[PDB]
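Listed below, chain by chain, are the residues.
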Amino acid sequence: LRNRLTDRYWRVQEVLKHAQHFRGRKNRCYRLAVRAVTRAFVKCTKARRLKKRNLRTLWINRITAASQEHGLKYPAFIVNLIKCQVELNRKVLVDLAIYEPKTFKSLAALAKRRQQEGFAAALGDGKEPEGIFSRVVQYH
Amino acid sequence: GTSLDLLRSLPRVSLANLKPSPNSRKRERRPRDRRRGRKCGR
Amino acid sequence: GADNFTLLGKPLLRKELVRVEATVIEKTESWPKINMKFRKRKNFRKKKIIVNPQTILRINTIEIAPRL
Amino acid sequence: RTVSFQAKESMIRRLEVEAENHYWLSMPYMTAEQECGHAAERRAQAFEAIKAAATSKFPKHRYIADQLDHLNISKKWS
Amino acid sequence: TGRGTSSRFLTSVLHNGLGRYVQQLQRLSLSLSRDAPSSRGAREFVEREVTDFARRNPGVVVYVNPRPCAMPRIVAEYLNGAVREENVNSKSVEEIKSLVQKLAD
Amino acid sequence: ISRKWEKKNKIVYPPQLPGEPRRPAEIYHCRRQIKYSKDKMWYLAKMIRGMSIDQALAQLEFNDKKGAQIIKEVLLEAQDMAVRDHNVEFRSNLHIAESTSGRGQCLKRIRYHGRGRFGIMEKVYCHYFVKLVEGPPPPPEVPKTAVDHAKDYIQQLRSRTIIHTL
Amino acid sequence: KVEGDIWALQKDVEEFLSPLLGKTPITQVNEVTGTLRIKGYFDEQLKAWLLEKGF
Amino acid sequence: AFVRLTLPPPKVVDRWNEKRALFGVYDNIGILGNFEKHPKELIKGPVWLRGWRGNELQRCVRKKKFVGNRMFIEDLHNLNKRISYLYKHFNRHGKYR
RNA sequence: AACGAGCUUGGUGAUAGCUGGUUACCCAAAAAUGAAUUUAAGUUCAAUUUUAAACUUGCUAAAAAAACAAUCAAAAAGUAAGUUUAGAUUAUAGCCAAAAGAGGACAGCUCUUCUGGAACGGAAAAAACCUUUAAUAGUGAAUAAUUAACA
RNA sequence: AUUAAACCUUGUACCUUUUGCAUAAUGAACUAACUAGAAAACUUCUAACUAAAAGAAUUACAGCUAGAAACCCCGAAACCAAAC
Ligand SMILES: [Mg+2]
Ligand SMILES: [Mg+2]
Ligand SMILES: [Mg+2]
Ligand SMILES: [Mg+2]
Ligand SMILES: [Mg+2]
Ligand SMILES: [Mg+2]
Ligand SMILES: [Mg+2]
Ligand SMILES: [Mg+2]
C-alpha cells in the first residue's frame, strides 16, 4: 500500500451531486448513478438543439391561430408580408398577436391586400400599374 | 559578459529553481487512459 | 407602434423617424452548459463545460419625430 | 410504389438546372491552342513556393534568456 | 443539469439603468505572500495594475493585505450582498487583470 | 454504535422572559439490543404515534405481540422520569410525539440444511426510541372538504401564464 | 566553440555562403551551447574562411 | 469513501541537521583528489550492487554470485525460482521479438 | 462421501495459437487484399498505414500511335501533393445495396470484378437506400430528401 | 421544460461481443477496500568533448560518451518426486 488515492471521496461526489433529484438507487449508488448521469448529460446536449425547433413549431401554431381569426391561412400571411418587403420573424409575430392585437390586424389586412393585388396581377395580364403596396423598393 | 550580466540581476540559483534542458526528457506513457488503456496497444 | 397607429419599414425605417436609445447595464457570462456528444463509450468524463460571454441592455427611450 | 407528385416536381427542377449547365459549357471562350502557355508563369511560381517550404525544415534557435528566465519563478519582494 | 439545477428570470438590482447606473461591484480584497512562487503573478498585478484599476473604478474599495500565504485569494462583494471568491493560485498578471475586469462588470 | 438519543435529554435552554409562552416539555427515552425484529417492532411503534400516554398504555396492554410489553415498559419509564427529573406537573398531560425502532447489533449463526448444505442465520436485535411531549394530543388531520378541493383547482388555473413568450 | 556575439557570426556566414548556393542558408543559433548550425556540408569552405580571419 | 475526521499531526523536518547539511561532500573525491578513489567506492549498500545497476534478472543473478554460498536454504530456493521465472519472461515473452 | 486409476506437500507463478479481464483528460491521423505454413481460432512476409528527415515534381486530366475500354501517356490546364531514406506496428473472417461477367455462351444460387454507404432528417418497418463538408452558444433565417397515388 | 413534483414533447440500459447491427449471447443485487505493461540491440530527442570519445580491456572513413524514452493479469485436464 505504498500509494493509495486519498481523495476518491470527492471523485464520487462529482458524479453523485448530479443525481440527487433522481429516484431510486440511482441517486445514491455510484455504479448506478454514473450510468444515469451520462444519459442525463447526453439528453441535455441533444435538447439544446431541439428547443430551437420546437419553439419555432410553437410559433407556427400561434401564427396559424392568429391569422385564422382574420380569415387568412398561415401560408398567405407569411408569404404576402415578405412580398411587401416587410421582414418580421416568426418570434415577434407571435409576440405581436398576444400583446398587440390591434397591430396584428393591420398586418393581417396588409397581408390580405397584397394577396388580392397578386391575384389581380395574374388575372389581369398585360402592362398595368401594379398595386400601391405591390410596388417594390430597390436598394443599390 | 552580457549574458553573464543577466544572471547577476536574476534571483539566486537554488535547488528549487533547477530545470532540465528543453526537450531533454520525454513523457512516459502509462496504461491508465483510454488511448493507452483497455486493449493497451496489443 | 403606438396605441392608435403603427409605422412599418421596408425593411427598415429612416433614422430621422425613430431613435432607440439603450444602456449597457451589465456584462457577464452564461451559466455552465454541458456538451456531451452522443457516441459509443460515452463515459462521465468526456464532457465539456461551454460558457459564453453575455451583456445586458436596458431600452431607455423610444422617441419619434413628425417627419413622415 | 407510386411516385409522389412532389417528388416528380423536385427532380424536374433539378433536371432543368443541369440542362442549362449544358448550355453554359457549350461556349468556350478560348480554343485549345489559345490556352497553351497562357498560365505557365503563375503555375511555376506556385510550385517554387511549395518546394521552398519543404526544404526549409530545420530546428529552432535557442536563447540563454529563455533558460535563465526560469530563475524568475523565485522572484520575491525585499 | 437544467432539470438538475435552479433557474430564475432576467433581473436587475434596483432598476440599474432607469435612472443613474450604479456600479454593482463593492469591494475587492487580495491577499499575497512576500516570498511565494505561486503569488508571483499577483505581486506583479499589485505593482502596476492595481493603481490603474482603483482610479478607473472609484466605487470599488480595494483592500490589499499581503500575508504569509499559500494561495492568493480575491473576494468580491456586490451591493446586493452576494459574495464571490476566486482562487488566483499561480496566475500571471494577464490572467488576473482579465479576471478582475469580469468581476467589476 | 452511536448513542445520541441519550444525550438529547440533557439540553438546557435559557430562562424565558416574563410573557413568553410556557415551553412544552420533551423527554427522550429508549431501550437497546432488544431481542426482536426491527420490522416487527415498527408496527407497534407506528400504532401509538400521535396519542396520549394513558391512551397508548391501554391499546398496548391488550395486544398479543411480544413487543407490546417491551414498549409498555419504556412508556412507563418515560412517564416516570418526566415527572421526577424533567418537571412535568401531571402524569396525564403527555403524548407520544415520536416513536420508531432501529436496527441493533446482530449475531451470525449457521442454519443447517438437507444435503450437507447450509445458510447464514442472523439473530436479530433492535432499538426502540420514544419522545414524549407535554400537552394533549394535537387534533387529528381534518380531510379536505369539497369546497377546499374546488378552490385548489381554481388557484391552480389562476397561476397559469402564457408560456414561452414575452 | 563560438564566443562573444554569436549573431554577428551568423550574419557573416550567411553572406559568405549565399553566393555559392544562390540562397540564404538555413541555420540555427544555439545561444546556450554557443554553436552555429548550417544545413549541408561546408566544412572545407568554412575552415579556410575562419582561417583568414585568424580565429 | 471515508476520510479522516481530524487533521494528522504536523510533520516537521530539520533541514540543517548534520546528515542533510553535509550531503554530497566528497562526491568529487576522485577528480579533485588525484583520482585516488572512484566516487562509486563511497556508496553504502548491498555488496553485490555497490556501484552497479541492472535489471531484476541481472540483479537476481548478481545477488547469487556474491552471496550464493552464504544464503539460507529457503531464501536460496526462492531466488532460484525467481531467476527461472524471469528467464522465461524476458527470453520467451513480451510484445516485441 | 465423484478412482479409466488415491490423497498431501514439492517441482510450480506447470503450460495454455483458447475464454475472461486490463483503472485520468485533451488534440490529431487511421485497414478482413497477395504468398507460405501439421496452415485455415496462429504466425511471418508483401501490400497498405503511420511518425520523422531529405529534395522535386505528383494527382485529376493525359491529342495523336501504338499492343488491342481498358494497358500505356504531351504539350496544356485545374490544383498540392509525389519519390527516396530511417523507425514501428496492428491487421490478414466482413456486412448490405447497385452494376458486370462466370459457373449449368442461363435467370437464380456460389463465386469473381467495379461503385457506394455506416444521421439527430426522411422511407409502416429502418446500422447498409435517399438528403447531409467537421463542432460551438442564440426564444434568428433560407433550404434538401420526404411528407403516397387520383391514374 | 414550466407558474406548477407528476400530465405535455423527445428518447430501443451498460460493458464485452460478434461484420463496422442487436429486441441478441456472455458478466454485474449493492457499498467499502484491494485487484492487470516490466527489460534499451536498432531508432528518435537532449547535452559533454571532438579525429577523437570513454575514470584499463570499447568503438570510430564524425564519431564517441552520458541522460530521458519499452514489451500485463486470472484460469485447466494433465505429468514427475516423495511422504501419508
Ligand atoms: Mg513503462
Ligand atoms: Mg450431515
Ligand atoms: Mg438471508
Ligand atoms: Mg482486397
Ligand atoms: Mg493447423
Ligand atoms: Mg491458430
Ligand atoms: Mg448476474
Ligand atoms: Mg497464465
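- As recorded in the PDB header, cryo-EM is the method behind this entry, and the stated resolution is 3.62 Å.

1. Some thoughts on the protein's contact with RNA strand J
At step 1: With respect to spatial proximity, 52 residues lie near RNA strand J, and among them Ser24(B), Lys26(B), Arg42(B), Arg3(E) and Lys95(H) are the closest.
At step 2: Sugar plus phosphate: this is where 61% of the atoms of RNA strand J within 4 Å of the protein reside.
At step 3: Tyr30(A) has a polar backbone atom sitting 3.3 Å from a phosphate oxygen of RNA strand J.
At step 4: Between RNA strand J and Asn23(B), the relevant distance is 2.9 Å, taken from a sugar or linking oxygen to a main-chain nitrogen or oxygen of the residue.
At step 5: When residues in the surface near RNA strand J are grouped by element, the largest group, 6 residues, is from helix α2 (residues 30-46) of chain A.

2. A short note on the state of the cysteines
At step 1: Taken as a whole, this structure holds 0 disulfides over all chains when the rule is applied.
At step 2: Take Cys30(F): it sits in no disulfide, and the sulfur closest to it among the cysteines is that of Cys126(F), at 12 Å.

3. As for the protein's contact with RNA strand I
At step 1: Around RNA strand I sit 56 residues in total, of which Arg56(A), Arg45(C), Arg1(D), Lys39(G) and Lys81(H) are the nearest.
At step 2: Those atoms of RNA strand I that come within 4 Å of the protein belong to sugar or phosphate at a rate of 62%.
At step 3: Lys48(C) is positioned such that a nitrogen or oxygen atom in its side chain is 3.4 Å from a phosphate oxygen of RNA strand I.
At step 4: For the surface near RNA strand I, the elements supplying multiple residues, two or more each, are α3 (51-70) and α5 (90-99) of chain A, β2 (33-35) and β3 (48-50) of chain C, α1 (5-24) and α3 (40-54) of chain D together with α4 (73-92) of chain H.
At step 5: Top element by residues in the surface near RNA strand I is α3(D). It accounts for 7 residues.

4. Considerations on the packing of aromatic side chains
Residues and elements named next belong to chain F.
At step 1: Applying the stated criterion across every chain yields a total of 9 aromatic pairs over all chains.
At step 2: An aromatic cluster is present here, built from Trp5, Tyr28 and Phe129 joined pairwise through their rings.
At step 3: Across the ring face of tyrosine 125, the terminal group of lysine 35 is positioned such that the distance to the ring centre comes to 5.2 Å.
At step 4: Stacked on the ring of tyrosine 36, the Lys or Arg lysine 40 has its end atom at 6.0 Å from the ring centre.

5. Let's talk about the arrangement of the chains
At step 1: A comparison of contact numbers over the 10 pairs of chains in contact places chains A and C at the top.
At step 2: The smallest C-alpha distance separating chain G from chain H is 24 Å, and no contact links them.

6. Some thoughts on the interface of chain C and chain A
Many authors give the size of an interface as the accessible area that is lost as the parts come together.
At step 1: Each side of the interface is counted separately: chain C has 17 residues, and chain A has 23 residues.
At step 2: Summing both partners gives a buried area of about 1,800 Å² for chain C against chain A, and 64% of it is carried by carbon and sulfur.
At step 3: Among the residues chain C hides against chain A, the three largest losses belong to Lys10(C), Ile34(C) and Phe44(C). Together they make up 41% of the total.
At step 4: Of the charged contacts in the structure, one is a salt bridge between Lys102(A) and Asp3(C), with a shortest N-O distance of 2.9 Å.
At step 5: On the surface where chain C and chain A come into contact, there are 6 residue pairs in polar contact.
At step 6: The class makeup of the residues in the side of chain C that touches chain A is 6 nonpolar, 5 polar and 6 charged.

7. A look at the pattern of salt bridges
Residues and elements named next belong to chain F.
At step 1: Under the counting rule described, the total for this entry stands at 21 salt bridges over all chains.
At step 2: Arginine 23 serves as the salt-bridge partner of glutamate 20, at 2.6 Å between the closest nitrogen and oxygen.
At step 3: For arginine 23, a relative accessible area of 38% puts it in the partly exposed group.
At step 4: Salt bridges here are not isolated pairs; linked through shared partners, they connect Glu26, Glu98 and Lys131.

8. With respect to a positive patch on the surface
At step 1: On the surface, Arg8(A), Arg11(A), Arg34(B), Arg38(B), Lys37(C), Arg39(C), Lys40(C), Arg41(C), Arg45(C), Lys46(C) and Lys48(C) cluster together to form a positively charged patch.
At step 2: Mapping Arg8(A) onto the fold places it in helix α1 (residues 8-16).
At step 3: For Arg8(A), a relative accessible area of 49% gives the class partly exposed.

9. Some remarks on helix α1 (residues 40-56) of chain E
Residues and elements named next belong to chain E.
At step 1: The end-to-end C-alpha distance of α1, which contains 17 residues, comes to 24 Å, matching closely the 24 Å that a straight helix rising 1.5 Å per residue would cover.
At step 2: Its axis deflected by about 55° at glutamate 49, α1 carries its strongest bend there.
At step 3: When we look at burial in α1, the residues that qualify are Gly41, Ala42, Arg43, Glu44, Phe45, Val46, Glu49, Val50 and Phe53.
At step 4: In this structure, the buried residues of α1 make contact with β1 (25-31), β2 (61-64) and α2 (93-104).

10. Quick word on the nonpolar core
Here is a general trend for soluble globular proteins: nonpolar side chains tend to be buried in one another's company.
At step 1: If you look at the biggest cluster of nonpolar residues, it comprises 27 residues, and the most contacted ones within it are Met41(F), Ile48(F), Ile71(F), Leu75(F), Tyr128(F) and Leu132(F).
At step 2: If you list the elements that add at least two residues to this core, you get β1 (26-34), α1 (38-48), α2 (53-59), α3 (66-85), β2 (94-103) and β5 (126-134) of chain F.
At step 3: Per-element tally for this core: the top contributor is α3(F), with 7 residues.
At step 4: Leave out the neighbours within four places in its chain, and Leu132(F) touches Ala25(F), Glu26(F), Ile27(F), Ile53(F), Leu75(F), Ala78(F), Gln79(F), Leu94(F), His95(F), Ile96(F) and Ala97(F).
At step 5: Counting residues in each nonpolar core, the second largest holds 20 residues, with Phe45(E), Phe53(E), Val60(E) and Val100(E) among its members.

Rules and cut-offs
Residues numbered from 1 in each chain as written, not as in the entry; some residues may be left out. Chains lettered and ligands numbered in written order. Part of a larger assembly, values for the part shown. Heavy atoms only, no water. Near = heavy atom within 4 Å. Polar contact = N/O pair within 3.5 Å; in protein donor to acceptor, adjacent residues only side chain to side chain. Helix = DSSP H or I, 4+ residues; strand = E, 2+ residues; numbered from the N terminus. Disulfide = S-S within 2.5 Å. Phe/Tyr/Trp six-rings, centres within 6.5 Å; stacked < 30°, edge-to-face > 60°. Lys NZ or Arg CZ within 6 Å of the ring centre and 35° of its normal. Contact = heavy atoms within 4.5 Å. Buried area = accessible area lost by both parts, 1.4 Å probe. Salt bridge = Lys/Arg side-chain N within 4 Å of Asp/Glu carboxyl O. Nonpolar A, V, L, I, M, F, W, Y, C, P; charged D, E, K, R; others polar. Buried < 20%, exposed > 50% of the residue type's maximum accessible area, 1.4 Å probe, protein only. Patch = residues over 30% accessible without salt bridge, like charges linked within 9 Å, V, L, I, M, F, W, Y side chains within 5 Å. Areas by Shrake-Rupley, 256 points an atom, 1.4 Å probe, with all protein chains shown as cover. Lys, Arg positive; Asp, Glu negative; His and termini not counted. Charge placed at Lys NZ, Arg CZ, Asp CG, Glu CD. Expected span 1.5 Å × (residues − 1). Bend = angle between axes of the 7 residues up to and from the residue. Core = buried A, V, L, I, M, F, W, Y, C linked by side-chain atoms within 4.5 Å.

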